[PDB]
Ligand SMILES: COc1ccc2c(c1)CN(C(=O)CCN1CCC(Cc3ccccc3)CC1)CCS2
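Just the one chain here, laid out as structure tokens, in the form deposited without this ligand.
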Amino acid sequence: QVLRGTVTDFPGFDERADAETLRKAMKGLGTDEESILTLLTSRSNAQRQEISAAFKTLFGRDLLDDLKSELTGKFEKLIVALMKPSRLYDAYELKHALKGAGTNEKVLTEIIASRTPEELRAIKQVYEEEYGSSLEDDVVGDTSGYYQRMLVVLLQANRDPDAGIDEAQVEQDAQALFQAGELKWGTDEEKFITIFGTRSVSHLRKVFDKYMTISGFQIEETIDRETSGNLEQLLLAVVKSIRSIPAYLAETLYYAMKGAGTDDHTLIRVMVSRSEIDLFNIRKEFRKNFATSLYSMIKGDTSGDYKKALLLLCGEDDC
């Protein structure tokens, strides 16, 4: 009855002993990648921050700097991602995505659609603290269309509270959504944006069910997952996140490794950002919806120290 990650506080945690273990793993010309990945994936993010502090006090060096030069490639990127303070991770990912003409719209859609209003408020505050500009201003300056508008409405974090059901409002909203979809989501955008972005989660779940009975198909089938534009991809992410945030992020992981190549940025981002929130539930939705475990997918697509750290973050194989 609760969300659950795969990483928890290590019992009997001694930040000074862990700092010594990590320094022993890199002092000298050699490296003990196994010791580094085993310790860091078994300590919580808060514990990693205390290790980094004890590391600086004991040895007068910077742990993150040492890891960046001692490690390489995707393994380095994963370890560096795990060391980023949890409170800063999403704000950092969004700022990195906001790239003017080269903006990574997948990251904007992923984070803004799947984070709760509480999380988005914290992100907006942290974002201004770290970068001196508002997240909304950066998004507006770097996106266009009603994709921009829907992101702005979601960033407002003003979603209705899970209150009593209103079947009269569940009929009219579902009627409106059926009709915006009939017009290919290119008409009256502000109205379906207000429905997708401000109605309560429990309400929209009933609206999506009422959409089934009115239309004969689920609302997701009005949007092609591969060829649609940015707004449509955001609507799909919002719909799936309304149904289940773990299921949306599980599908995000699935398509990160499906087919030729691997989207390692998305793989690292989802496993790290959700490791202490709902990665266990993501694993369950993954096994149910794609007939194979997240563990087996990671094992088949990745290699080296990078793979073992990802498998330890995944925690277990699912059957």
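Numbering starts at 1 and follows the sequence shown. Here, rigid core means the biggest group of C-alpha atoms that superpose within 1.5 Å across both forms. Residues that one form lacks are left out of the comparison.
Participant: Per the entry, where is the mean C-alpha temperature factor higher: 135 to 143 or 158 to 166?
Facilitator: The stretch with the larger mean CA B-factor is 158 to 166.
Participant: Tell me which stretch, 7 to 15 or 294 to 302, has the higher mean Cα B-factor listed in the entry.
Facilitator: Per the PDB record, 7 to 15.
Participant: Could you tell me which one of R243, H96, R225, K74 shows the highest CA temperature factor in the PDB record?
Facilitator: If I rank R243, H96, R225, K74 by C-alpha B-factor, first place goes to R225.
Participant: Can you tell me which of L236, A122, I214, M150 has the maximum CA B-factor listed in the PDB entry?
Facilitator: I214 has the highest C-alpha B-factor of those listed.
Participant: Please place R87 in the lowest, middle or highest third of its chain by C-alpha B factor as given in the entry.
Facilitator: As the PDB entry reports it, the C-alpha B-factor of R87 lands in the middle third of its chain.
Participant: Compare the C-alpha B factor of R61 with those of the other modelled residues in its chain, then answer lowest, middle or highest third.
Facilitator: Ranked within chain, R61 CA B lands in the middle tercile.
Participant: By the recorded C-alpha temperature factor, relative to the other modelled residues in its chain, which third is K284 in?
Facilitator: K284: CA B-factor falls in the middle third of its chain.
Participant: Can you tell me whether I268 has a C-alpha B-factor in the lowest, middle or highest third compared with the other modelled residues of the same chain?
Facilitator: Lowest third, going by the recorded CA B-factors of the chain.
Participant: Lowest, middle or highest third: where is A260 by Cα B-factor in its chain?
Facilitator: Answer is highest: the recorded C-alpha B-factor places it there.
From this point on, the text means the form deposited with this ligand bound, which you will not see here.
Participant: Does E119 reach this ligand in the bound PDB entry if we count a contact as any heavy atom within 4.5 Å?
Facilitator: Yes, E119 sits close enough to this ligand in the bound PDB entry that at least one of its heavy atoms falls within 4.5 Å.
Participant: Does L312 make contact with this ligand in the bound PDB entry, using a 4.5 Å heavy atom cut-off?
Facilitator: No, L312 sits far enough from this ligand in the bound PDB entry that none of its heavy atoms falls within 4.5 Å.
Participant: Is there a non-hydrogen atom of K77 within 4.5 angstroms of a non-hydrogen atom of this ligand in the bound PDB entry?
Facilitator: Taking the distances in the bound PDB entry, the answer for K77 is no, it never comes within 4.5 Å of this ligand.
Participant: Does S241 reach this ligand in the bound PDB entry, with heavy atoms at most 4.5 Å apart?
Facilitator: Close contact exists here: in the bound PDB entry, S241 approaches this ligand to within 4.5 Å, heavy atoms only.
Participant: Have a look at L88, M83, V201, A176 for me and say which one sits with a heavy atom within 4.5 Å of this ligand in the bound PDB entry.
Facilitator: When this ligand is considered in the bound PDB entry, the option within 4.5 Å is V201.
Participant: Just to confirm, with a 4.5 Å cut-off on non-hydrogen atoms, which of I277, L267, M26, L39 contacts this ligand in the bound PDB entry?
Facilitator: Exactly one residue meets the criterion: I277.
Participant: In the bound PDB entry, which of the stretches 166 to 174, 182 to 190, 218 to 226, 110 to 118 has residues with heavy atoms within 4.5 Å of this ligand?
Facilitator: The contacting stretch is 110 to 118.
Participant: Taking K95, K106 and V140 as a possible spot, do all three reach this ligand in the bound PDB entry with a heavy atom inside 4.5 Å?
Facilitator: Checked in the bound PDB entry: no contact with this ligand for any of the three.
Participant: Can you tell me which bits of 144 to 173 touch this ligand in the bound PDB entry, meaning any heavy atom within 4.5 Å?
Facilitator: Heavy-atom contacts within 4.5 Å come from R159 alone.
Participant: Relative to the superposed core, which single residue of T116, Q218, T103, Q125 shows a CA shift of 2 Å or more between the shown form and the other one?
Facilitator: If I go through the list carefully, the shifting residue is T103.
Participant: Using the form shown as baseline, tell whether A101 and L267 are closer or farther in Cα-Cα distance in the bound PDB entry, where the change reaches 3 Å or more.
Facilitator: Closer together, which means the C-alphas of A101 and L267 are at least 3 Å nearer in the bound PDB entry.
Participant: Work out the direction of the Cα-Cα change for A101 and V107 in the bound PDB entry: closer or farther than in this form? It's 3 angstroms or more.
Facilitator: Nearer in the bound PDB entry, by 3 Å or more.
Participant: Where does the chain move between the shown form and the other one, taking runs of at least 3 residues whose CA atoms all shift 2 Å or more after fitting the core?
Facilitator: That run whose C-alphas all shift by 2 Å or more is 99 to 103, the only one.
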